[PDB]
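Data first, discussion second: the structure below is written as structure tokens.
Only the coordinates and a few stated rules stand behind these numbers; no lab work does. Neighbour counts run over all protein chains shown; Cβ positions are idealised from the backbone, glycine included.
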Amino acid sequence: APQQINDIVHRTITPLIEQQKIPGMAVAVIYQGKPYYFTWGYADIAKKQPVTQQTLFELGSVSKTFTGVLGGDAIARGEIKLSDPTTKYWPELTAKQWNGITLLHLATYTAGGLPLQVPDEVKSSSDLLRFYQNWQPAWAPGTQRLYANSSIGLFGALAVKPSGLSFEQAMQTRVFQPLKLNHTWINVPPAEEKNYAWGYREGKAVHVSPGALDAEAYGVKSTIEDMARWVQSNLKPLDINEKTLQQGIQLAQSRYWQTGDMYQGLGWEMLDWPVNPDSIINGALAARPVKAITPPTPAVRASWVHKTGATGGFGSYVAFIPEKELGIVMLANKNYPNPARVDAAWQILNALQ
Ligand SMILES: *C(=O)[C@](NC(=O)[C@@H](C(=O)O)c1ccc(O)cc1)(OC)[C@@H]1N=C(C(=O)O)C(=C)CO1
């Protein structure tokens with residue numbers, strides 16, 4: 001650990017943990033393509049288990065990046081096309097409002113107002129279909145972005161249909177395995193429960209609860225090591241040997257839509273680098289008009305590529321700059337203000353060139 005990296009990391013994370021009351025936290029910095037790890041506090045306050053490099057943390061929305069990439073991998077294999085209508089992979093979606101809504105709109109939250117979350121009452125597959133048939137668009141497709149688990153989560157589910165595989169099998173087989181993310185899961189196996197940190201909310205230890213389209217929108221758990229590897233694969237896709245997975249990573253970083261200084265990829269979100277920290281940090285249900293990027297701009301190396309995520313008891317953040325071979329991962333078992341995460345991440349990366 002170069003003292004440089006050591007000092008900026010600690011100078012930054014320490015006051016953060018104290019101000020936010022974060023019980024446990026793991027940080028990885030990818031510098032010149034090499035990971036450096038750091039860890040603080042507790043994975044389980046009660047059983048006094050410290051956070052280590054093997055601790056699993058709930059990723060929350062950062063899970064969408066895996067989905068964007070899995071989806072991009074399905075495109076690469078010629079199994080789906082973002083230009084296909086949604087109904088091509090779910091012919092039972094015969095309600096009229098769906099004509100014109102494409103897999104692209106699903107993956108980028110531009111379908112016309114699909115809700116932030118699938119309602120808790122949706123139990124079964126039959127319940128999911130009904131929910132979608134009855135959903136009433138507030139806007140025409142491709143006009144506004146409204147961040148949503150029901151939007152991407154559906155994209156993920158359909159993206160894997162032609163393969164005959166379930167979303168978990170597809171994810172494990174086409175993404176976790178090739179990239180050697182052997183400690184990343186949608187369902188934490190009994191053998192790895194000893195490392196599953198607890199989340200904390202209002203002082204109580206909690207874990208994410210099951211829900212429809214959970215795997216696809218916020219269901220991944222992973223370690224600081226695998227997340228650092230996940231960042232290295234996204235920084236340098238051209239080292240990935242699996243052809244389709246390589247294009248897939250590239251496709252998830254293509255710029256499909258623009259909102260202010262932000263560009264929407266598949267899961268990942270991007271801004272041109274150099275970037276103002278304020279342009280990312282503090283400037284809900286924020287509907288935002290979007291401009292289509294026709295055709296999409298291929299992955300741009302001079303970008304600040306990122307994704308924020310949370311569950312009831314976890315706060316996570318990932319951000320990297322391809323052009324600089326620079327990256328960072330922040331995993332905490334306490335959801336804390338998103339602006340403090342980006343503020344911390346920028347302070348570290350910008351300090352490393
Ligand atoms: C992504 O992190 C985010 N939230 C979540 O994924 C989960 C959470 O909020 O704890 C989650 C779990 C179960 C659900 O039915 C819904 C969400 O995506 C929704 C985060 N949360 C937001 C919010 O609660 O409004 C956002 C606006 C940004 O993304």
| remark: For the pair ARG301 and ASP120, the simple spin-label estimate (label points 7 Å beyond Cα toward Cβ) gives in nm 4.9
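Which of the peptides 119-125, 176-182, 149-155 is most tightly packed, and how do the rest follow, going by the mean number of other Cβ atoms within 10 Å of each residue?
Numbers: 119-125: 11.0, 176-182: 16.9, 149-155: 27.1.
Order by mean packing, descending: 149-155, 176-182, 119-125.
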| By how many nm would the segment from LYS48 to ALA1 lengthen if fully extended, with 0.36 nm per residue of separation less the alpha-carbon distance? | 14.3 nm
| note | For the pair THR14 and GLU242, the simple spin-label estimate (label points 7 Å beyond Cα toward Cβ) gives in nm 4.2
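Quick check on the chain: helices-only [θ] at 222 nm, where DSSP H runs of length 4 and up contribute -39,500 (n - 2.57) each and the sum goes over total residues. Nearest 500, please. Could the numbers behind the result be given before it?
Details: 11 runs with 107 residues, N = 353.
-9000 deg cm²/dmol, from helical runs alone.
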| field | Per-residue Cβ neighbour rank within 10 angstrom, fewest leading, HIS10, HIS105, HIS183 | value | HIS10, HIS183, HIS105
| message | Can you compute the FRET efficiency between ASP127 and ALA351 using 1/(1 + (r/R0)^6), with r the Cβ-Cβ distance and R0 = 45 Å? Round to the nearest 0.05. | response | 0.35
